[PDB]
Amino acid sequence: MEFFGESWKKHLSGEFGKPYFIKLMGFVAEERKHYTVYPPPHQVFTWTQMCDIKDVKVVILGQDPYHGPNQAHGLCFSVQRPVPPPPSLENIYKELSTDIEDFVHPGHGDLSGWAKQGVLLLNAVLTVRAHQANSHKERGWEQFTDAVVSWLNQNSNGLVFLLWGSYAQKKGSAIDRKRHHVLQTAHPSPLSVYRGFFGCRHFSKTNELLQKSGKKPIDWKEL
């Protein structure tokens, strides 16, 4: 089992020796000595384990990992069996059900099936102290995940970026929309879902855009 996916390591390792990155590694390591930190070390980079970097087709940008026990596992919005899907994820599934006629609810919250198809599920901040939202904010992760976004922007074409909420929209603000597709709507959390996310139909729209990029569509029910 790898800590960090091989193909991703090849293209992102230029970040590793930078002052901010060493500092970030030290911050997280010190946090883990005194607190419970999610996800566990072996799951921080799950987003690098599921597909080759060259095989990314769709990018969903999140903010903070889930901060409750057993929830975060390195893919944004996703929870491994048998953890119940959180409200945000139930909303994602609800939109899918109305957006795509034939989408079936998988009865779990594990989005590994999407990740394997090249759906990058990247949170901007990759660790969080248990029960404390945004506890690891602005400690170095943002610069690293910005580098991930910048790499994909510069080194692939016809990606579909899905930016849900103002935070994701900001993080995706410098994406080249001549070379990539960008869809924007409200965050799927209960507090914002009815301000755009329900009825956004990003999942069907994504597959149409992928065809225009000459790429095979995502099977959203393959979970």
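Under this definition, the rigid core comprises the largest set of C-alpha atoms superposing within 1.5 Å between the forms. Counting begins at 1, following the sequence as shown.
Here 168-176 and 48-56 are scored by the root mean square distance of their C-alpha atoms in 7 other deposited structures of this protein, with each structure fitted by the rigid core; the higher score goes to 168-176. Each structure in 7 other deposited structures of this protein is fitted to the shown form on the rigid core, and of 133-141 and 116-124 the C-alphas lie farther away on average for 133-141. Looking at mean Cα B-factors across 78-86 and 101-109, the upper value is held by 101-109. In this crystal structure, the stretch out of 20-28 and 211-219 whose C-alpha atoms carry the higher mean B factor is 211-219. In the PDB entry, residue 132 places in the highest third of its chain by CA B-factor. Annotation for residue 154: C-alpha temperature factor in the highest third relative to the rest of the modelled chain, per the entry. The entry lists a Cα temperature factor for residue 45 that places it in the lowest third of the chain's modelled residues.
Remark: residue 191 belongs to the middle third of its chain, ranked by C-alpha B-factor as recorded. Per the PDB record, residue ranking by Cα B-factor puts residue 164 in the middle third of the chain.
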